[PDB]
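The next block holds one structure in the form of structure tokens; read it before the comments.
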Amino acid sequence: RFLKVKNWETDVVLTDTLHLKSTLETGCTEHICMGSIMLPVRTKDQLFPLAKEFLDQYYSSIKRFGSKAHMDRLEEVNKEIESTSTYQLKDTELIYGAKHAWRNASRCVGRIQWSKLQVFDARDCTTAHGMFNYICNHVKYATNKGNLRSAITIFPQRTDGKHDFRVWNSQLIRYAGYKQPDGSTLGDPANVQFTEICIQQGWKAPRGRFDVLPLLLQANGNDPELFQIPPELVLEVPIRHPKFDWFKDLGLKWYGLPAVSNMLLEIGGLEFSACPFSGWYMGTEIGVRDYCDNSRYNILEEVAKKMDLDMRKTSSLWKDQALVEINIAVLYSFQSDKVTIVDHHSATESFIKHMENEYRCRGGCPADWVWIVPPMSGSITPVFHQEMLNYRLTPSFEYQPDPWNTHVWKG
Amino acid sequence: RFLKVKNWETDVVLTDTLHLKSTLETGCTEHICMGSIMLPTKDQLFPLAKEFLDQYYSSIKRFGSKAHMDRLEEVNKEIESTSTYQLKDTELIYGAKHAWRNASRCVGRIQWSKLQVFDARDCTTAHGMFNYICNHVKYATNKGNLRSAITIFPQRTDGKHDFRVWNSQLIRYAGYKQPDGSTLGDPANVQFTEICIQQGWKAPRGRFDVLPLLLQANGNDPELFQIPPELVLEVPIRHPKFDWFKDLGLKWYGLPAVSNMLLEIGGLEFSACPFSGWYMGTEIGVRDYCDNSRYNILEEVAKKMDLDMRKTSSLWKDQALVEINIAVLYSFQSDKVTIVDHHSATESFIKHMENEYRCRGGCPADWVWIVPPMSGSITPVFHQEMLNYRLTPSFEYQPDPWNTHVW
Ligand code: HEM
Ligand code: HEM
Ligand SMILES: CN(C)c1ccc(CCNCc2ccc3ccc(N)nc3c2)cc1
Ligand SMILES: CN(C)c1ccc(CCNCc2ccc3ccc(N)nc3c2)cc1
Ligand SMILES: C[C@H](O)[C@H](O)[C@H]1CNc2nc(N)[nH]c(=O)c2N1
Ligand SMILES: C[C@H](O)[C@H](O)[C@H]1CNc2nc(N)[nH]c(=O)c2N1
Ligand SMILES: [Zn+2]
């Protein structure tokens, strides 16, 4: 079956055959679309077909499908599964797998970069101190003094579900949030629960507006342990505006490295519950969501006051005016400090080219419009006008529950 | 089977039961979501009539009454006899209002119950249609104090006697392709404009030429009529800060009046059912003015603002976009023509959603369309999970008449 998608601005029509390779469910049915819903122990039974599907993919990609090396690998994996109930990926397969999980991430606008990903194999790691060391190295490598490089660090896979490696932080670098007795929040409201956990675990909070959170690291199903990332490895950018000199006085800064550390990487039926990865920021992540979300730093008003906008009526679009200048400031600040960042115009323009390339060479490109379209200036980006098909391919990154909700405490 | 939607900004959770009454299909499957795709007999008829009459009589607290059963058998008799049936005025009004209520792509639905329904089922000719349309236009425009309305022409019979308005909106600007290669006026309306011209329209070949109506009655060939200019309320666009803005020569019309959709009620099809409300500012400022395939004036405005258009990272497009939308809202408000900004409208819609979940068990909503085309995440709807499903009565798309018309 062939599915077509149209760009209504260019009239470019693309044909998707790749969706036929999709096995996982979407959440939607013929009777309901759940496109805007945020989030809608394994036996050898189901494991070998998942292994086999993956190895077929891997061997095709290297143009060795049906080769003796291919057949021997399947044989080897089958025996390892049936005798040990799981299996180990080769380094090559792991790298391929991690790149392809990124390639298949339908919510990622940055996928033009998918083939350039530094894979750090941390499957020999056994302790939290070991994890801390690997994470420091990842951060140093990825930061590269401002010339950001995409990377992922992969810790040992799940076994019985009782010995999971987990990074309890949602991102490797993130600011603390503190609920005040008066109901207000100091720092990042998104991180209040996690901050409370760290504090309970013994973290001494400075209690400021931009305190880099400690790492809370779980190796092999043991209770998680606290580590402070060397401050010298945490690159931060003071936010100023190229025209508004009062902007610096808002006291804003942000960190340079976005490094998501709470997702699950699935490759060939194997589950990597700790696989922190990092690229670089699109400006709106910080300027629109992090700064201007009502449930985050929420600085729109303070900014709009300082610009002396008419704030009596929303129809002045004071919020829209303030939002733009803030986003200008984020981009200006990162560029001036030579920290990698991309604006949403560049990023979405590159995504369209990527997506067209993928349709040609791959027969498709799963894309979640709801997430690909930037949170400001939507229709003046080309992706707004692009029809997209969302489906699930493996390897993939998946959500997993927060570890404090499932962890069995050892004491 | 009972579905929850969450608002991630306010933590409000609503439970949807209304989707279970859904009948039509979405285009999506368990294996693929098509949420971003723009367009994904007597025996057929009586269950449809029945489903509709059931909800009608339930809405007036007479479910399972004598009058309900009576109406049900009367319509039943009429279907067996005539192969169709006719809605009572009360049923027609209920159906039209609910078609709007059910329009998952409409952010303005808090107004759904305040709709003026004009019954034009007695209409037989294009001149008749013209008259009804002028009346609609005058009524809805109301000297700038806009009122929602729909005019309903006779229903489809055998598909050979369709009433159709060929225009996509009652009021729209012409588009002409130049020898210069570019496009004068509205590029969206190039094809329709040509059809007017080959049907006899004498175009002024200007930038903002109000198109003439092309009206088809009873499956006959369509005819041209000029809407009396005096009924077409237009707004010169100026900026409350930039004096040069007026020099751009921009204007827009006050009345958004969609005329090409199909209204389905109780299995009956109304192929000509133009309706109108009032504008949300971004439709004009963001889409009409800034879309590349529309009037595409961003560059010109940016230049007038003297912005650094060297690099995209200066966000000059975003700066210009905001000012354009400021001008639009400012101009309409200054001339006392009803308009709503995207902040006010989405905030209203959140309240409507909660009303509908509370009083009806749900509200079908298409996030891709409900989230405005600028400043998305600073409006509440961005953080609102929505379930999209198809309820009837409904407004549907239908093919452009010129591809279907046996001339
Ligand atoms: C290199 C530059 C990159 C850019 C500019 C970029 C951009 C983005 C953005 C803006 C989002 C939306 C995030 C949000 O709104 O929360 C996203 C999502 C995502 N990205 Fe990328 N990304 C990059 C690299 C990567 C890498 C290296 C990976 C993995 C190896 C990745 C995997 C993902 C995944 C799995 C999501 C979905 C997250 C979720 O569902 O919560 N991205 N990306
Ligand atoms: C009264 C003020 C109203 C406002 C502010 C409003 C707002 C909107 C907006 C912004 C859209 C998106 C349209 C687009 O982007 O092309 C829309 C779509 C729609 N509206 Fe409303 N509307 C109003 C009145 C009405 C009325 C009176 C009806 C019918 C009786 C209606 C039925 C629809 C339908 C069926 C759609 C989907 C159009 C499509 O699928 O192409 N609206 N509305
Ligand atoms: C629970 N809530 C409110 C919630 C949780 C996660 C999300 C999405 C987090 N996605 C973050 C994410 C993931 C991968 C990325 C890759 C690159 C980049 N620049 N940013 C990236 C950002 C949204 C809401
Ligand atoms: C096929 N293409 C290019 C295409 C067709 C229809 C559309 C959407 C047309 N619907 C416009 C529309 C419909 C109903 C409305 C009701 C009120 C209002 N203010 N605007 C309204 C605007 C977009 C693109
Ligand atoms: C409810 C809605 O799905 C939710 O707010 C989504 C919308 N689109 C998004 N898009 C991106 N990139 N990131 C997000 O967090 C969200 N949030
Ligand atoms: C491809 C995509 O579905 C298309 O551009 C949609 C996106 N959202 C929209 N939303 C509204 N309100 N109106 C539109 O025309 C569109 N266009
Ligand atoms: Zn869907």
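Labels used: A, B, ... for chains in the order of the structure tokens, numbers from 1 for residues in each chain, and numbers from 1 for ligands as shown.
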field: Residues near range 250-260 of chain A, cut-off 6 Å, only C-alpha atoms, skip fewer than 4 positions along chain, as a ChimeraX atom specification
entry: /A:171-172,235-239,276-278,280
field: Expected answer as a list in words: residues within 9 Å of ligand 7, only C-alpha atoms and all ligand atoms
entry: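 Residues lying within 9 Å of ligand 7: residues 26, 27, 28, 29, 30, 32, 33, 34, 35, 36 and 390 of chain A; 26, 27, 28, 29, 30, 32, 33, 34, 35, 36 and 388 of chain B.
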Wanna dump the chain B-ligand 3 contacts at 10 Å for me, each residue with its shortest atom pair and the distance in Å to one decimal, counting only C-alpha atoms and all ligand atoms, ordered by chain and number, as a tab-separated table?
residue	atom	partner	partner_atom_place_in_ligand_line	distance
B:7	CA	ligand 3	3 (C)	9.5
B:8	CA	ligand 3	3 (C)	5.9
B:9	CA	ligand 3	3 (C)	8.0
B:11	CA	ligand 3	3 (C)	9.6
B:383	CA	ligand 3	3 (C)	9.1
Go ahead and save the residues from that selection, with N, CA, C and O atoms, as an mmCIF file, in the first residue's frame.
data_model
loop_
_atom_site.group_PDB
_atom_site.id
_atom_site.type_symbol
_atom_site.label_atom_id
_atom_site.label_comp_id
_atom_site.auth_asym_id
_atom_site.auth_seq_id
_atom_site.Cartn_x
_atom_site.Cartn_y
_atom_site.Cartn_z
ATOM 1 N N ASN B 7 -4.759 18.665 30.578
ATOM 2 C CA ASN B 7 -4.114 19.937 30.290
ATOM 3 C C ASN B 7 -2.832 19.996 31.116
ATOM 4 O O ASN B 7 -2.880 19.938 32.346
ATOM 5 N N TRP B 8 -1.687 20.100 30.446
ATOM 6 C CA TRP B 8 -0.394 19.965 31.129
ATOM 7 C C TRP B 8 0.102 21.242 31.807
ATOM 8 O O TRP B 8 1.113 21.230 32.507
ATOM 9 N N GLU B 9 -0.620 22.334 31.590
ATOM 10 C CA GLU B 9 -0.297 23.631 32.168
ATOM 11 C C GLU B 9 -1.090 23.794 33.476
ATOM 12 O O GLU B 9 -0.580 24.323 34.463
ATOM 13 N N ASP B 11 -3.054 21.080 34.867
ATOM 14 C CA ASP B 11 -3.282 19.758 35.461
ATOM 15 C C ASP B 11 -4.751 19.311 35.474
ATOM 16 O O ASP B 11 -5.081 18.292 36.072
ATOM 17 N N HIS B 383 -1.267 23.375 25.348
ATOM 18 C CA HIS B 383 -0.997 22.448 26.446
ATOM 19 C C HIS B 383 -2.178 21.527 26.727
ATOM 20 O O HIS B 383 -2.153 20.734 27.672
#
- request: For residue 183 in chain B, list every protein, DNA or RNA residue within 12 Å, evaluated using only C-alpha atoms, and leave out those in the same chain fewer than 5 positions away; present the list as an NGL selection string.
  value: :B and (174-178 or 188-191 or 205-207 or 292-296)
- request: Check range 107-297 of chain B with DSSP on the backbone and list each residue it calls helix (DSSP H, G or I), as a ChimeraX atom specification.
  value: /B:109-111,126-144,187-199,229-231,243-248,281-290
Selection: 8 Å around residue 339 in chain A, only C-alpha atoms, excl. self and same-chain fewer than 3 positions, as a PDB file with C-alpha atoms, in the first residue's frame:
ATOM      1  CA  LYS A 145      33.931  23.987  24.548  1.00  0.00           C
ATOM      2  CA  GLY A 146      30.772  25.199  22.827  1.00  0.00           C
ATOM      3  CA  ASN A 147      31.149  23.373  19.520  1.00  0.00           C
ATOM      4  CA  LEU A 148      28.513  20.815  20.477  1.00  0.00           C
ATOM      5  CA  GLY A 256      24.387  24.810  26.605  1.00  0.00           C
ATOM      6  CA  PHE A 334      24.513  31.590  22.393  1.00  0.00           C
ATOM      7  CA  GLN A 335      25.957  32.801  19.076  1.00  0.00           C
ATOM      8  CA  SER A 336      27.977  35.500  20.828  1.00  0.00           C
TER       9      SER A 336
END
- request: Residues up to 8 Å from ligand 2, counting only C-alpha atoms and all ligand atoms: could you list those as a PyMOL selection string?
  value: chain B and resi 96-97+99-100+103-109+111-112+115+147-150+261+275-280+282-283+287+339-340+345+369-370+372+394-397
Neighbours of chain B in chain A at 8 Å, counting only C-alpha atoms, as a PDB file with N, CA and C atoms, in the first residue's frame:
ATOM      1  N   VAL A   5       1.735  12.114   1.072  1.00  0.00           N
ATOM      2  CA  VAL A   5       1.694  13.345   1.856  1.00  0.00           C
ATOM      3  C   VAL A   5       2.027  14.551   0.971  1.00  0.00           C
ATOM      4  N   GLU A   9       2.313  24.223   0.473  1.00  0.00           N
ATOM      5  CA  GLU A   9       2.966  25.481   0.138  1.00  0.00           C
ATOM      6  C   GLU A   9       3.767  25.324  -1.157  1.00  0.00           C
ATOM      7  N   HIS A  19       5.864   2.919   6.132  1.00  0.00           N
ATOM      8  CA  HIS A  19       4.894   2.673   7.199  1.00  0.00           C
ATOM      9  C   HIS A  19       4.454   1.208   7.261  1.00  0.00           C
ATOM     10  N   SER A  22       5.997  -0.853   9.982  1.00  0.00           N
ATOM     11  CA  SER A  22       5.618  -0.518  11.349  1.00  0.00           C
ATOM     12  C   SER A  22       4.832  -1.660  11.998  1.00  0.00           C
ATOM     13  N   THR A  23       5.188  -1.991  13.239  1.00  0.00           N
ATOM     14  CA  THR A  23       4.504  -3.052  13.981  1.00  0.00           C
ATOM     15  C   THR A  23       3.796  -2.487  15.218  1.00  0.00           C
ATOM     16  N   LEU A  24       4.471  -1.577  15.918  1.00  0.00           N
ATOM     17  CA  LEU A  24       3.945  -0.995  17.152  1.00  0.00           C
ATOM     18  C   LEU A  24       2.682  -0.145  16.927  1.00  0.00           C
ATOM     19  N   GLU A  25       1.866   0.001  17.973  1.00  0.00           N
ATOM     20  CA  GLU A  25       0.599   0.743  17.893  1.00  0.00           C
ATOM     21  C   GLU A  25       0.771   2.252  18.072  1.00  0.00           C
ATOM     22  N   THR A  26      -0.191   3.022  17.564  1.00  0.00           N
ATOM     23  CA  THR A  26      -0.150   4.485  17.650  1.00  0.00           C
ATOM     24  C   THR A  26      -0.963   5.046  18.816  1.00  0.00           C
ATOM     25  N   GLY A  27      -2.072   4.388  19.132  1.00  0.00           N
ATOM     26  CA  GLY A  27      -3.025   4.925  20.085  1.00  0.00           C
ATOM     27  C   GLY A  27      -4.304   5.293  19.359  1.00  0.00           C
ATOM     28  N   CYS A  28      -4.183   5.600  18.068  1.00  0.00           N
ATOM     29  CA  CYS A  28      -5.346   5.963  17.246  1.00  0.00           C
ATOM     30  C   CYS A  28      -6.103   4.723  16.776  1.00  0.00           C
ATOM     31  N   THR A  29      -7.368   4.911  16.409  1.00  0.00           N
ATOM     32  CA  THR A  29      -8.140   3.889  15.709  1.00  0.00           C
ATOM     33  C   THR A  29      -8.862   4.546  14.530  1.00  0.00           C
ATOM     34  N   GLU A  30      -9.705   3.782  13.841  1.00  0.00           N
ATOM     35  CA  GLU A  30     -10.508   4.337  12.755  1.00  0.00           C
ATOM     36  C   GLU A  30     -11.534   5.324  13.303  1.00  0.00           C
ATOM     37  N   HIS A  31     -11.770   5.265  14.612  1.00  0.00           N
ATOM     38  CA  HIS A  31     -12.847   6.031  15.232  1.00  0.00           C
ATOM     39  C   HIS A  31     -12.366   7.210  16.068  1.00  0.00           C
ATOM     40  N   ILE A  32     -11.072   7.235  16.364  1.00  0.00           N
ATOM     41  CA  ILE A  32     -10.527   8.313  17.174  1.00  0.00           C
ATOM     42  C   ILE A  32      -9.061   8.608  16.859  1.00  0.00           C
ATOM     43  N   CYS A  33      -8.726   9.897  16.801  1.00  0.00           N
ATOM     44  CA  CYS A  33      -7.334  10.299  16.650  1.00  0.00           C
ATOM     45  C   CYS A  33      -6.798  10.803  17.977  1.00  0.00           C
ATOM     46  N   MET A  34      -5.680  10.229  18.401  1.00  0.00           N
ATOM     47  CA  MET A  34      -5.054  10.631  19.654  1.00  0.00           C
ATOM     48  C   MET A  34      -3.733  11.329  19.387  1.00  0.00           C
ATOM     49  N   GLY A  35      -3.642  11.978  18.225  1.00  0.00           N
ATOM     50  CA  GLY A  35      -2.417  12.645  17.807  1.00  0.00           C
ATOM     51  C   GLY A  35      -1.870  13.677  18.782  1.00  0.00           C
ATOM     52  N   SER A  36      -2.731  14.258  19.618  1.00  0.00           N
ATOM     53  CA  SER A  36      -2.252  15.285  20.557  1.00  0.00           C
ATOM     54  C   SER A  36      -2.112  14.807  22.010  1.00  0.00           C
ATOM     55  N   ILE A  37      -2.227  13.502  22.238  1.00  0.00           N
ATOM     56  CA  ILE A  37      -1.996  12.950  23.569  1.00  0.00           C
ATOM     57  C   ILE A  37      -0.483  12.762  23.782  1.00  0.00           C
ATOM     58  N   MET A  38       0.059  13.304  24.879  1.00  0.00           N
ATOM     59  CA  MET A  38       1.507  13.259  25.135  1.00  0.00           C
ATOM     60  C   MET A  38       2.078  11.842  25.287  1.00  0.00           C
ATOM     61  N   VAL A 288      11.031  29.959  24.263  1.00  0.00           N
ATOM     62  CA  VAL A 288       9.589  29.815  24.284  1.00  0.00           C
ATOM     63  C   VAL A 288       9.117  28.927  25.448  1.00  0.00           C
ATOM     64  N   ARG A 289       9.554  27.677  25.466  1.00  0.00           N
ATOM     65  CA  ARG A 289       9.076  26.741  26.485  1.00  0.00           C
ATOM     66  C   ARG A 289       9.698  26.984  27.873  1.00  0.00           C
ATOM     67  N   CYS A 292       9.073  30.901  28.930  1.00  0.00           N
ATOM     68  CA  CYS A 292       7.763  31.554  28.761  1.00  0.00           C
ATOM     69  C   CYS A 292       6.542  30.682  29.038  1.00  0.00           C
ATOM     70  N   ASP A 293       6.734  29.369  29.132  1.00  0.00           N
ATOM     71  CA  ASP A 293       5.667  28.533  29.666  1.00  0.00           C
ATOM     72  C   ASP A 293       5.245  29.096  31.027  1.00  0.00           C
ATOM     73  N   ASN A 294       3.934  29.220  31.223  1.00  0.00           N
ATOM     74  CA  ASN A 294       3.366  29.598  32.515  1.00  0.00           C
ATOM     75  C   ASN A 294       3.828  28.691  33.650  1.00  0.00           C
ATOM     76  N   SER A 295       4.024  27.406  33.349  1.00  0.00           N
ATOM     77  CA  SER A 295       4.428  26.431  34.359  1.00  0.00           C
ATOM     78  C   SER A 295       5.948  26.294  34.466  1.00  0.00           C
ATOM     79  N   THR A 314      -4.807  41.970  25.756  1.00  0.00           N
ATOM     80  CA  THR A 314      -4.099  40.915  25.025  1.00  0.00           C
ATOM     81  C   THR A 314      -4.006  41.215  23.524  1.00  0.00           C
ATOM     82  N   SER A 315      -4.985  41.959  23.004  1.00  0.00           N
ATOM     83  CA  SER A 315      -5.030  42.291  21.581  1.00  0.00           C
ATOM     84  C   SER A 315      -3.931  43.279  21.160  1.00  0.00           C
ATOM     85  N   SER A 316      -3.145  43.756  22.123  1.00  0.00           N
ATOM     86  CA  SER A 316      -1.930  44.505  21.820  1.00  0.00           C
ATOM     87  C   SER A 316      -0.847  43.519  21.381  1.00  0.00           C
ATOM     88  N   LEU A 317      -1.069  42.241  21.691  1.00  0.00           N
ATOM     89  CA  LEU A 317      -0.113  41.173  21.400  1.00  0.00           C
ATOM     90  C   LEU A 317       1.217  41.413  22.115  1.00  0.00           C
ATOM     91  N   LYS A 319       2.258  39.862  24.620  1.00  0.00           N
ATOM     92  CA  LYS A 319       2.894  38.565  24.893  1.00  0.00           C
ATOM     93  C   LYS A 319       3.698  38.091  23.688  1.00  0.00           C
ATOM     94  N   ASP A 320       3.133  38.287  22.501  1.00  0.00           N
ATOM     95  CA  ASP A 320       3.803  37.850  21.286  1.00  0.00           C
ATOM     96  C   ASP A 320       5.045  38.705  21.031  1.00  0.00           C
ATOM     97  N   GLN A 321       4.967  39.996  21.363  1.00  0.00           N
ATOM     98  CA  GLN A 321       6.113  40.876  21.198  1.00  0.00           C
ATOM     99  C   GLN A 321       7.224  40.516  22.161  1.00  0.00           C
ATOM    100  N   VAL A 324       9.074  37.182  21.200  1.00  0.00           N
ATOM    101  CA  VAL A 324      10.065  37.313  20.141  1.00  0.00           C
ATOM    102  C   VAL A 324      11.396  37.892  20.646  1.00  0.00           C
ATOM    103  N   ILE A 328      15.029  36.228  20.487  1.00  0.00           N
ATOM    104  CA  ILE A 328      16.155  36.918  19.864  1.00  0.00           C
ATOM    105  C   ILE A 328      17.332  36.913  20.822  1.00  0.00           C
ATOM    106  N   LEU A 331      19.107  33.428  21.137  1.00  0.00           N
ATOM    107  CA  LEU A 331      19.916  33.144  19.958  1.00  0.00           C
ATOM    108  C   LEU A 331      21.161  34.039  19.935  1.00  0.00           C
ATOM    109  N   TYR A 332      20.967  35.328  20.199  1.00  0.00           N
ATOM    110  CA  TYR A 332      22.080  36.267  20.235  1.00  0.00           C
ATOM    111  C   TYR A 332      23.126  35.853  21.268  1.00  0.00           C
ATOM    112  N   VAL A 342      20.499  26.401  17.122  1.00  0.00           N
ATOM    113  CA  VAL A 342      19.865  26.573  15.834  1.00  0.00           C
ATOM    114  C   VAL A 342      18.525  27.271  16.057  1.00  0.00           C
ATOM    115  N   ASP A 343      18.175  28.200  15.168  1.00  0.00           N
ATOM    116  CA  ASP A 343      16.881  28.869  15.281  1.00  0.00           C
ATOM    117  C   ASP A 343      15.852  27.980  14.603  1.00  0.00           C
ATOM    118  N   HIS A 345      13.685  28.533  12.285  1.00  0.00           N
ATOM    119  CA  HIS A 345      13.616  28.662  10.835  1.00  0.00           C
ATOM    120  C   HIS A 345      14.598  27.724  10.148  1.00  0.00           C
ATOM    121  N   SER A 346      15.861  27.824  10.541  1.00  0.00           N
ATOM    122  CA  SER A 346      16.912  26.955  10.022  1.00  0.00           C
ATOM    123  C   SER A 346      16.576  25.489  10.250  1.00  0.00           C
ATOM    124  N   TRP A 369       3.623  15.792  13.613  1.00  0.00           N
ATOM    125  CA  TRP A 369       3.424  17.219  13.295  1.00  0.00           C
ATOM    126  C   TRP A 369       3.284  18.082  14.551  1.00  0.00           C
ATOM    127  N   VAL A 370       2.537  17.540  15.508  1.00  0.00           N
ATOM    128  CA  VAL A 370       2.234  18.219  16.761  1.00  0.00           C
ATOM    129  C   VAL A 370       3.508  18.646  17.482  1.00  0.00           C
ATOM    130  N   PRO A 374       7.241  24.183  15.550  1.00  0.00           N
ATOM    131  CA  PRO A 374       7.767  24.964  16.681  1.00  0.00           C
ATOM    132  C   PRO A 374       6.659  25.692  17.429  1.00  0.00           C
ATOM    133  N   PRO A 375       6.910  26.006  18.713  1.00  0.00           N
ATOM    134  CA  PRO A 375       5.918  26.574  19.639  1.00  0.00           C
ATOM    135  C   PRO A 375       5.690  28.076  19.486  1.00  0.00           C
ATOM    136  N   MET A 376       6.423  28.716  18.576  1.00  0.00           N
ATOM    137  CA  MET A 376       6.076  30.066  18.123  1.00  0.00           C
ATOM    138  C   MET A 376       6.191  30.123  16.597  1.00  0.00           C
ATOM    139  N   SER A 377       5.503  31.087  15.999  1.00  0.00           N
ATOM    140  CA  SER A 377       5.637  31.369  14.572  1.00  0.00           C
ATOM    141  C   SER A 377       5.411  30.151  13.687  1.00  0.00           C
ATOM    142  N   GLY A 378       4.530  29.249  14.124  1.00  0.00           N
ATOM    143  CA  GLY A 378       4.266  28.011  13.408  1.00  0.00           C
ATOM    144  C   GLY A 378       4.137  28.081  11.887  1.00  0.00           C
ATOM    145  N   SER A 379       3.208  28.871  11.375  1.00  0.00           N
ATOM    146  CA  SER A 379       2.969  28.828   9.930  1.00  0.00           C
ATOM    147  C   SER A 379       4.014  29.584   9.079  1.00  0.00           C
ATOM    148  N   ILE A 380       4.927  30.323   9.701  1.00  0.00           N
ATOM    149  CA  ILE A 380       6.003  30.878   8.891  1.00  0.00           C
ATOM    150  C   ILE A 380       7.218  29.949   8.866  1.00  0.00           C
ATOM    151  N   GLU A 387       2.200  17.957   5.248  1.00  0.00           N
ATOM    152  CA  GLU A 387       1.509  16.797   5.795  1.00  0.00           C
ATOM    153  C   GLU A 387       2.559  15.777   6.242  1.00  0.00           C
ATOM    154  N   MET A 388       2.282  15.087   7.343  1.00  0.00           N
ATOM    155  CA  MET A 388       3.231  14.126   7.895  1.00  0.00           C
ATOM    156  C   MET A 388       2.489  12.869   8.327  1.00  0.00           C
ATOM    157  N   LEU A 389       3.175  11.739   8.276  1.00  0.00           N
ATOM    158  CA  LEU A 389       2.584  10.483   8.716  1.00  0.00           C
ATOM    159  C   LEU A 389       3.352  10.015   9.938  1.00  0.00           C
ATOM    160  N   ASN A 390       2.620   9.722  11.005  1.00  0.00           N
ATOM    161  CA  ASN A 390       3.253   9.296  12.245  1.00  0.00           C
ATOM    162  C   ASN A 390       3.012   7.800  12.441  1.00  0.00           C
ATOM    163  N   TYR A 391       4.101   7.051  12.586  1.00  0.00           N
ATOM    164  CA  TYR A 391       4.006   5.639  12.903  1.00  0.00           C
ATOM    165  C   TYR A 391       5.270   5.261  13.630  1.00  0.00           C
ATOM    166  N   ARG A 392       5.303   4.048  14.168  1.00  0.00           N
ATOM    167  CA  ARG A 392       6.391   3.674  15.082  1.00  0.00           C
ATOM    168  C   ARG A 392       7.304   2.603  14.490  1.00  0.00           C
TER     169      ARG A 392
END
Report as a compact mmCIF listing (two decimals) with N, CA, C and O atoms, in the first residue's frame all protein, DNA and RNA residues lying within 8 Å of range 117-122 of chain B, evaluated on only C-alpha atoms, omitting residues in the same chain fewer than 3 positions from it.
# COMPACT_ATOMS: atom_id res chain seq x y z
N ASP B 89 -38.64 22.57 10.73
CA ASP B 89 -37.80 23.75 10.98
C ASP B 89 -36.96 23.58 12.25
O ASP B 89 -35.75 23.83 12.25
N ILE B 93 -32.82 23.63 12.41
CA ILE B 93 -32.07 24.53 13.27
C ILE B 93 -31.18 23.75 14.24
O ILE B 93 -30.01 24.08 14.42
N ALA B 96 -28.21 22.22 12.24
CA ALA B 96 -27.19 23.19 11.84
C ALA B 96 -26.33 23.61 13.03
O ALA B 96 -25.09 23.71 12.93
N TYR B 132 -31.01 35.64 -1.16
CA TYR B 132 -30.84 35.05 0.15
C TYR B 132 -29.44 35.34 0.68
O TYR B 132 -29.24 35.62 1.87
N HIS B 136 -28.28 37.36 3.94
CA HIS B 136 -27.34 36.74 4.89
C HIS B 136 -26.23 37.74 5.17
O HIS B 136 -26.01 38.12 6.32
N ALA B 149 -24.28 33.32 11.27
CA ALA B 149 -25.46 32.89 10.52
C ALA B 149 -25.15 31.81 9.51
O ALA B 149 -24.00 31.65 9.05
N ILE B 150 -26.18 31.06 9.14
CA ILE B 150 -26.07 30.10 8.06
C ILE B 150 -27.34 30.18 7.23
O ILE B 150 -28.44 30.37 7.77
N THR B 151 -27.19 30.07 5.91
CA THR B 151 -28.33 30.03 5.01
C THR B 151 -28.33 28.66 4.36
O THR B 151 -27.32 28.23 3.80
N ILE B 152 -29.45 27.95 4.47
CA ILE B 152 -29.52 26.56 4.00
C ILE B 152 -30.39 26.40 2.77
O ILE B 152 -31.62 26.58 2.81
N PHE B 153 -29.75 26.08 1.64
CA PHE B 153 -30.48 25.88 0.39
C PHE B 153 -31.04 24.45 0.32
O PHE B 153 -30.80 23.67 1.24
N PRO B 154 -31.85 24.13 -0.73
CA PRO B 154 -32.49 22.80 -0.72
C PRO B 154 -31.51 21.63 -0.74
O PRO B 154 -30.42 21.72 -1.33
N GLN B 155 -31.91 20.53 -0.11
CA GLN B 155 -31.04 19.37 0.06
C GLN B 155 -30.83 18.63 -1.26
O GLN B 155 -31.60 18.80 -2.19
Give me the residues within 8 Å of residue 105 in chain A as an mmCIF file with N, CA, C and O atoms, in the first residue's frame, counting only C-alpha atoms and dropping any in the same chain fewer than 5 places off.
data_model
loop_
_atom_site.group_PDB
_atom_site.id
_atom_site.type_symbol
_atom_site.label_atom_id
_atom_site.label_comp_id
_atom_site.auth_asym_id
_atom_site.auth_seq_id
_atom_site.Cartn_x
_atom_site.Cartn_y
_atom_site.Cartn_z
ATOM 1 N N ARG A 111 16.575 15.497 13.080
ATOM 2 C CA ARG A 111 17.056 14.224 12.545
ATOM 3 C C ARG A 111 17.935 14.294 11.292
ATOM 4 O O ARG A 111 18.444 13.278 10.842
ATOM 5 N N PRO A 366 8.713 8.837 9.422
ATOM 6 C CA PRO A 366 7.684 9.068 10.446
ATOM 7 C C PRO A 366 7.922 10.412 11.144
ATOM 8 O O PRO A 366 9.040 10.717 11.576
ATOM 9 N N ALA A 367 6.871 11.227 11.220
ATOM 10 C CA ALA A 367 6.989 12.566 11.790
ATOM 11 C C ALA A 367 5.703 12.933 12.518
ATOM 12 O O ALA A 367 4.590 12.711 12.008
ATOM 13 N N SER A 396 13.902 2.189 18.685
ATOM 14 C CA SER A 396 13.201 3.392 19.084
ATOM 15 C C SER A 396 13.575 3.810 20.492
ATOM 16 O O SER A 396 14.014 2.988 21.312
ATOM 17 N N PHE A 397 13.385 5.098 20.759
ATOM 18 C CA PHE A 397 13.373 5.630 22.107
ATOM 19 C C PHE A 397 11.947 5.651 22.626
ATOM 20 O O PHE A 397 11.028 6.074 21.914
#
